[PDB]
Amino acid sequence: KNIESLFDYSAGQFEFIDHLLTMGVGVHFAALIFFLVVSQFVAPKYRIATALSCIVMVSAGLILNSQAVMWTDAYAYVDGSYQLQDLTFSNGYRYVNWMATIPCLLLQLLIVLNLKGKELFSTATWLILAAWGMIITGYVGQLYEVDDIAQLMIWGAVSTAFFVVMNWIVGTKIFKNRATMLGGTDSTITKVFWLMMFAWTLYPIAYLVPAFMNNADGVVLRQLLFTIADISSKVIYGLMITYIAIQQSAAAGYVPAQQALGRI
């Protein structure tokens, strides 16, 4: 049901996608160790924001690892090209993983925005419901990326509605709570918003690839887009969230944070 299954791949195409996914694994697990060691410099009220980046690194890292092994399982070099065998490859498992990872990305944002208690719980609940609506309708949509492009488009429009409303909640909370933020991170959090708008928008672009480039090179392009998007939305994002967490920790008087920033 996925366009990947439609084509044979050149050694070049096949190896590049393998390398993309493998590099993706390496980057996320390398970052995991960074987030782990810096977590001790985060104040208690923000420390979970950095823990969530650890959780996202392993979750994303595992899905990329799974995709890479699925990729090599599904194809074998036969008569001069990589051809589909008995096992299958699908991006559908990425969608399932987003059900977990996207709530984590959203929660660590709410934490460094200094949201608490009732507002935190209510905002998280609405954000996660919006995200799940987006992910589920998008998942259904890509089931038709071969059989019914029109259906892919309509489910994609519905998904985009959830996406836009989710982003509006995000932007509203960010620009409203920006003033509460310490250590100059009121400025930093603005860049985080735009990083999110940019990186997360790469995913619906990848989703539309079967509509504007239905060939083996389109398959490569989609994995390339996912790689840019994953690294930007999880790793670079997590680094900014953790920076913001440490800076606010220091400004709030957390001594290990102050000491850590002092060494650099």
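Just so we're on the same page, rigid core means the largest C-alpha set that superposes within 1.5 Å between forms. Throughout, we count residues from 1 along the sequence that is shown.
- Between stretches 79-87 and 141-149, greater average Cα displacement in 7 other deposited structures of this protein relative to the shown form, fitted by the core, falls on 79-87.
- The stretch with the higher mean CA B factor, choosing between 84-92 and 129-137, is 84-92.
- Look at the C-alpha B-factors of 231-239 and of 210-218. On average they run higher in 210-218.
- Taking the deposited Cα B-factors for 152, 76, 104, 164, the highest one is held by 152.
- In the deposited entry, the Cα temperature factor of residue 180 places it in the highest third of its chain's modelled residues.
- Placement of the Cα temperature factor of residue 248 within the chain: middle third of the modelled residues, per the deposited record.
- Residue 188: CA B factor in the middle third of modelled residues in this chain (values from the PDB entry).
- The deposited CA B-factor of residue 12 belongs to the middle third of values across its chain.
- In the PDB entry, residue 143 places in the highest third of its chain by CA B-factor.
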